[PDB]
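Engineer: sequence first, structure after, both from an experimental entry:
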Amino acid sequence: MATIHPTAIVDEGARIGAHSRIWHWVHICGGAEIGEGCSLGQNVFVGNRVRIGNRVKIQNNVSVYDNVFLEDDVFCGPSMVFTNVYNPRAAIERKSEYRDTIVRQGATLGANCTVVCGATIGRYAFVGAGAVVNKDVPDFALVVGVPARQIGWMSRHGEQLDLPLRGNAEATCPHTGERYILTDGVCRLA
Amino acid sequence: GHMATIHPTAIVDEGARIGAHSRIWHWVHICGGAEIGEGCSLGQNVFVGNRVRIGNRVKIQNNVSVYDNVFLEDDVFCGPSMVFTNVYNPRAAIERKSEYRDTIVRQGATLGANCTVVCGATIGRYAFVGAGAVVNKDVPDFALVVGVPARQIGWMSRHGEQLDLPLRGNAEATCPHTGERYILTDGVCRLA
Amino acid sequence: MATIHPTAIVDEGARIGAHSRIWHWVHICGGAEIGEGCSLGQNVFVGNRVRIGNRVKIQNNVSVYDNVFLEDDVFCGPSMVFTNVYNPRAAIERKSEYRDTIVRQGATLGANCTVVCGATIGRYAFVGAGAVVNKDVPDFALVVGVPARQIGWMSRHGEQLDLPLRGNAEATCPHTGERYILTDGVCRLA
Ligand SMILES: CC(=O)SCCNC(=O)CCNC(=O)[C@H](O)C(C)(C)COP(=O)(O)OP(=O)(O)OC[C@H]1O[C@@H](n2cnc3c(N)ncnc32)[C@H](O)[C@@H]1OP(=O)(O)O
Ligand SMILES: CC(=O)SCCNC(=O)CCNC(=O)[C@H](O)C(C)(C)COP(=O)(O)OP(=O)(O)OC[C@H]1O[C@@H](n2cnc3c(N)ncnc32)[C@H](O)[C@@H]1OP(=O)(O)O
Ligand SMILES: CC(=O)SCCNC(=O)CCNC(=O)[C@H](O)C(C)(C)COP(=O)(O)OP(=O)(O)OC[C@H]1O[C@@H](n2cnc3c(N)ncnc32)[C@H](O)[C@@H]1OP(=O)(O)O
Ligand SMILES: O=c1ccn([C@@H]2O[C@H](COP(=O)(O)OP(=O)(O)O)[C@@H](O)[C@H]2O)c(=O)[nH]1
Ligand SMILES: O=c1ccn([C@@H]2O[C@H](COP(=O)(O)OP(=O)(O)O)[C@@H](O)[C@H]2O)c(=O)[nH]1
Ligand SMILES: O=c1ccn([C@@H]2O[C@H](COP(=O)(O)O)[C@@H](O)[C@H]2O)c(=O)[nH]1
Ligand code: NA
């Protein structure tokens, strides 16, 4: 019962869950699987070998290529960019050499960021606008820059935690008060 | 032949106000609340939201989404695939319509190709944002800013070439193309 | 001769060679010349004063504006960005001041990179994802960053060569055995 703009093209075979919204001039390939309550903005593209979970918000001009997997509650900001071939050359087809990109639950991919294929983006990570991610991003990490480097940690709500990057510590979300534990430089929810 | 108006493939929703002599190109979608002035150009796959005002002689290149809460004064230039935003710290599971921040671009400013403006910034008159920069703080009138994140490296004339003015302090410079005079007062540049 | 998606608009006059594929909602202007075996992805734009060679792969959301020239076997990654006016101001028409961008054979332009007009990108150069190029890129140079700086040398195959960044040296691609010579910091096939 997904609603699909009449100008969108959803190829036979594609599966789109209930309450999803597909906007103007979107193309979804027939292999694609998209969950419930998603939103796909103007000119989105989705390939065949793609799984998108529930409540995923994909803004305008995002191309979700083959070998990209988005867990539930992922946010893909305006004009952010995925890839699936690491070292493309026009003369050499590298279909068989695709690298996976996995975006874990609740991660936010800022506007106009780019993700080099092969990276995993952890749960509730936050990739600043314009960043170029070329390594794995820890759960809750705030990363910015070209290439992206970690400068802090972000709570689920989306504000920085008073927690060092390394070692062992604990902190609370400035909004909800919920506690996070850092152990050897890895952040988790308590 | 005849002058282009609004390409037939564009979708201009009922209620949109578009001024005379503006050109709207292929597969543009303009929402019903928008207002767009005279003499504007909107490139391929532009999107324009409802809560948007665009002045006169605004040139918006391909693949720019002028989302709700973005406001563009006369003579602004939005380069190819530059990107605006309206939520500072988006999370898919957190509704943030009530927390949008306005982005205001003042007269004559240039936003280079593939730059990004983090919401809430104000871009000053005749500012120049280099290609690919990421703006996350206000940009003074006439400032030339580049980089991720953007830092000021000079001052640009209205004509669009750097002025011989220091970044800080008091100074004066003249545009050699027009002879227009600029005055720097404690690091703030104005046209004389 | 090309295959053209029915939603594409290819203006009268445009020349597109055999075995080319034009995908959804692409607009090609009537002065354009595109060679054989090219692929133009979703929402590509091609201007009038444009020559694109053979086997050029142009991914989604690339606008090949007037005064951009792409040699054979060029790869333009997802949402990379060309320009033709150096210092745009909406009040001043600068058609007459366009600066050329020439991309030489086999160069790769990574996803979401940007090229400031006037640059020449050398043969088999490799511009990293997200870079902003504002100076000429040597043949075979690997450049990254905003603005782009050279960090190594890429073989035709698209893997770094065992060459110093500067100086005089030689190296061999392990995949093909082809030999490269670095002379005063200029790399060429022997
Ligand atoms: C649909 C499609 O996907 S089409 C295909 C489009 N694909 C792409 O555009 C992907 C382009 N790939 C890249 O940019 C890759 O990062 C490559 C090919 C440049 C990496 O090349 P490699 O030789 O493996 O270099 P390596 O990863 O060892 O990096 C060397 C240094 O350059 C840095 N670097 C590498 N790539 C980038 C980049 N794009 N931007 C900034 N820095 C970069 C690395 O961070 C490292 O520096 P550090 O040690 O200071 O962190
Ligand atoms: C339609 C739609 O708009 S959907 C919503 C899309 N919205 C977005 O993509 C916005 C993304 N937001 C951002 O990137 C923001 O800059 C945030 C959320 C990362 C800022 O997080 P904050 O915790 O407030 O960080 P803060 O602003 O204090 O910056 C900390 C440091 O990081 C730098 N920084 C922050 N963001 C960036 C960025 N995107 N790129 C590079 N540097 C950055 C700052 O400049 C500062 O360093 P400095 O002191 O040397 O100048
Ligand atoms: C269809 C269409 O094309 S519409 C037109 C769209 N066109 C554009 O968006 C082009 C925008 N132009 C630019 O970004 C240009 O680089 C300009 C105008 C900012 C250059 O301005 P100039 O005054 O000539 O500066 P200049 O080239 O001397 O550079 C000064 C310094 O800034 C750096 N710099 C210049 N532009 C950039 C940039 N975009 N990003 C990062 N650094 C930059 C230079 O590398 C130099 O630094 P360095 O000496 O430490 O390397
Ligand atoms: O002959 C033309 C002129 C313009 N455009 C479209 O208009 C945008 C703006 O082009 P230009 O900068 O020349 O704008 P104009 O001032 O001519 O509207 C281009 O990217 C294309 O989207 C086009 O398709 N054909
Ligand atoms: O089955 C397909 C194959 C390709 N594409 C479109 O073609 C572009 C380029 O695809 P690919 O790199 O696979 O290019 P090819 O060389 O196969 O034309 C994709 O981004 C889509 O726009 C598509 O819609 N369906
Ligand atoms: O009234 C609307 C709401 C949404 N959109 C399209 O949906 C995208 C997602 O909007 P939102 O879900 O972020 O509000 C917008 O970028 C645009 O593509 C519209 O065109 N009109
Ligand atoms: Na971009």
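Structural biologist: Received it, and whenever you're ready, just let me know what you need. Numbers count the residues shown, from 1 in each chain, chains lettered A, B, ... in the order given. Ligands and ions are numbered 1, 2, ... in the order given.
Engineer: from chain A, which residue is nearest to ligand 2?
Structural biologist: residue A:128 (3.0 Å; C-beta to the nearest ligand atom). C-beta: built from backbone N, CA, C; applies to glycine.
Engineer: give me the nearest residue to residue A:124, chain neighbours excluded.
Structural biologist: Closest residue to residue A:124 apart from its sequence neighbours, by C-beta to C-beta, 6 or more residues apart in numbering or on different chains: residue A:106 at 4.3 Å.
Engineer: would you confirm that that neighbour contacts residue A:57?
Structural biologist: No. Residue A:106 is beyond contact range of residue A:57, at 11.3 Å (criterion: C-beta atoms under 8 Å).
Engineer: neighbour-wise, which of the two wins?
Structural biologist: Comparing residue A:106 with residue A:57 by other C-beta atoms under 10 Å in any protein chain shown, the one with more neighbours is residue A:106, at 25 against 21.
Engineer: if I look at the more buried one, how far off is residue A:72?
Structural biologist: Look at residue A:106 and residue A:72: by C-beta to C-beta, to the nearest Å, they are 8 Å apart.
Engineer: ok, the residue of chain A positioned farthest from its centre - contacts?
Structural biologist: Distance from the C-alpha centroid of chain A, by C-alpha atoms, centre = their mean, peaks at residue A:91 (29.5 Å). With contact set as C-beta atoms under 8 Å, 6 or more residues apart in numbering or on different chains, residue A:91 has these partners: C:55, C:73, C:106, C:156.
Engineer: quick one: which of those residues has the most company?
Structural biologist: Most neighbours among the contacts of residue A:91, by other C-beta under 10 Å: residue C:106, with 25 neighbours.
Engineer: domain map for chain A?
Structural biologist: Following curated CATH domains, one gets these domains for chain A: A:1-151, A:152-190.
Engineer: need the three-state assignment for residue A:96.
Structural biologist: Judged by DSSP: H, G, I helix; E, B strand; the rest coil, the three-state class of residue A:96 is helix.
Engineer: how about the backbone phi and psi for the residue of chain A closest to ligand 2?
Structural biologist: The phi/psi pair for residue A:128 (degrees, to the nearest 10) reads phi -60, psi 160.
Engineer: count the residues that sit near it.
Structural biologist: Neighbours of residue A:128 using other C-beta under 10 Å come to 25.
Engineer: that one contacts residue A:113, doesn't it?
Structural biologist: Yes. With contact defined as C-beta under 8 Å, residue A:128 counts as touching residue A:113 (7.2 Å).
Engineer: now stretch A:137-152: buried residues?
Structural biologist: Using 16 or more other C-beta atoms under 10 Å in any protein chain shown as the test for burial, stretch A:137-152 gives A:137-148, A:150, A:152.
Engineer: show me which pair in the residues you listed is furthest apart.
Structural biologist: Spatial extent of the buried residues of stretch A:137-152 (C-beta to C-beta) is set by the pair A:139 and A:146 at 22.5 Å.
Engineer: how far away is residue A:119 from ligand 4?
Structural biologist: The gap separating residue A:119 from ligand 4 is 32 Å, by C-beta to the nearest ligand atom, to the nearest Å.
Engineer: in contact with that residue, which residues?
Structural biologist: Residue A:119 makes contact with A:101, A:133-137, according to C-beta under 8 Å, 6+ apart.
Engineer: which of those residues fall within strands?
Structural biologist: In strands, defined here by DSSP state E, the members of these are A:101, A:133.
Engineer: from the contacts of residue A:119, pick the one nearest chain B.
Structural biologist: residue A:133 (12.9 Å; C-beta to the nearest C-beta).
Engineer: surely the closest one meets residue A:113?
Structural biologist: Yes. Using C-beta under 8 Å, residue A:133 is in contact with residue A:113, at 6.8 Å.
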